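In the block that follows, a single chain appears as structure tokens, in the form deposited in one PDB entry.
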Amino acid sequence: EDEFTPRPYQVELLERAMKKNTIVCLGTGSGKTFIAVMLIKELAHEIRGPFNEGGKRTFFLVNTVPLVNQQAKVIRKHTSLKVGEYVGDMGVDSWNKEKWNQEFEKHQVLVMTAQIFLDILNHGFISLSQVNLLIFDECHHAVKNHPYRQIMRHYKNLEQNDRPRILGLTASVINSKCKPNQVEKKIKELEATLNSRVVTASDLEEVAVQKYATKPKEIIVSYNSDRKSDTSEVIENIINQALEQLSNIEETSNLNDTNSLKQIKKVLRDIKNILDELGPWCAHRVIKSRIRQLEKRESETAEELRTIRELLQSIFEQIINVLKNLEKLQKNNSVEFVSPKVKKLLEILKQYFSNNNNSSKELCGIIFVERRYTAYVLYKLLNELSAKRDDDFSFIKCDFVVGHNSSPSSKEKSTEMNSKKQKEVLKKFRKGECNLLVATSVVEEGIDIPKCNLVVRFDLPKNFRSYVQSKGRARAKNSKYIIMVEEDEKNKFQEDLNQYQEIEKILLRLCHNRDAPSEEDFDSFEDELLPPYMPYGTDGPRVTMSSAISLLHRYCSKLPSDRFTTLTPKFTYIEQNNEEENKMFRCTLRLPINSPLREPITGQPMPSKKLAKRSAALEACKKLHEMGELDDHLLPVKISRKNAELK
């Protein structure tokens, strides 16, 4: 076992955390996870008690899916306490009370995402008085209507005697771009919501964490996009003519599904965009993928859509015919036809490789792109370049990771991803078999990465926190930070960089010597304009306007009907103005035919339409529970045919 040795600032922070509820602000790579580990290990005596006798339990909450495994492995390795792991893949929602009781009895420490915790707490399956300790990972995401805020709202009503301690872990404080003056208001709202005092040790400010923390060097690379191959510009003109023709077709010719031709035009301008950003070959690859999808679709299509698809097929035929003239890949010159920006990226990678060839240290690099499909086509492109056998591309290993949206029905998505495959790719990267990674914002936040030397930003950062975490993604010594900037964008980029640097400076200076939060601010905010539905009182399960729409949609999904069609409530909106002439909104909905209740349900009026939908949802839920379909714990019941006949 590792045989860790405590450091003075670690114990200094631990004593303060034990004394009072606090929020930890530390630089990246410092080891706040170990602070949480030690704090958990110190208070392990209470967890030994049985659940039936009131023995409390300690929870851990995290944002995304891979972090669930990441933190759980650390907590299992460094402690003898038993831990449990649950995520939404195994369909934990369809369980009943007894199974949850057994799971709670088995495990002492539980780690899950926020939504599952909220779903469990709302249905009355657990009592907040049984929580020993709760840990907030990435405590800067608790804003507006985030699930963290709803869990806090649940926490507020509990009596102070049995309230558990609250501890916060973060690397960034402000979620978005803020004015230098508004930073105080943002941090005040944060510490008012969490009901804890953010702390900063005098030790971490001086030399202590400075040696352990790392800072990269920043490089600004300018590029121009107006210049492009003359043939490529000819192709863009051709697609402009084609889109004009398609728009004329849409305007002149009636369409049974105008959204279908809109989809044709929009996938077209997507293809034009890929040509602009990447080049003709990648555009043709997307074109052949789309023609494969067209072959899939042509099995079941009507005459008009198939005709316009045939015309667009002729357009791709013309595009490929023109591409045959400039088949530079067949001429073994792949550099020429690609976009200049990709050329600049290739040149930068060549410079890095020429620098590191003498270095015995191996290569490790991360690439950030906004769009999943863009990352996929980029991965294909670098894979092909490596397959080209050329010297500067032979050593390149490329992989991609994106968010997963598993479909129970077929409804196939072109992108390929699986949670098991996700963890396999992650461990493959950790072993070091892959050096270059192209990823979206899934891995951008908080997840530890192996020793990396280079981080390159394909796209510009969007807010302060994204810039901070992307800078902190590099952990090894002598790291590199590179951002590409368009020629006309450099002034705004520089001014935003100055704003970010001054924001970081004032954040560092302001965090020291701040007074404890005021509970008057904690009970000050109130957004719930209506009380929830409490049939059995405080103990029994409740339903809040936030979850009522999801409840109705889930129950409608559970209705016995055809697989092809989905029963969806029809929403009718009524606008009215009172004697005050303010904008009042009121909603009304109708259940499908499978509902025993047929009369439309209406709700109270209020200025916003979303609240009108929520009010109608809550009224419908209360009426449906009154009818008797919903069970004791207010969850939708799969009323089988035998169940319907018996009732």
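We number the residues from 1 along the sequence you see. Rigid core: the largest C-alpha set superposing within 1.5 Å between the two forms.
Heads up, the form deposited in another entry isn't pictured, but that's what we're talking about next.
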* Taking the rigid core as reference, does the Cα of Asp119 move 2 Å or more between this form and the one not shown? -> no
Inset, instruction - Superpose the two forms on their rigid core, then report whether the C-alpha of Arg598 is displaced by 2 angstroms or more between this form and the one not shown. - result: yes
**Prompt:** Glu520: CA shift of at least 2 Å between this form and the one not shown after core fit?
**Reply:** no
Cα of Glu412 vs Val65, shift of 3 Å or more in the other form, relative to this form: the pair sits closer
Output row for the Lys211-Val468 CA distance, |change| of 3 angstroms or more in the other form, reads closer
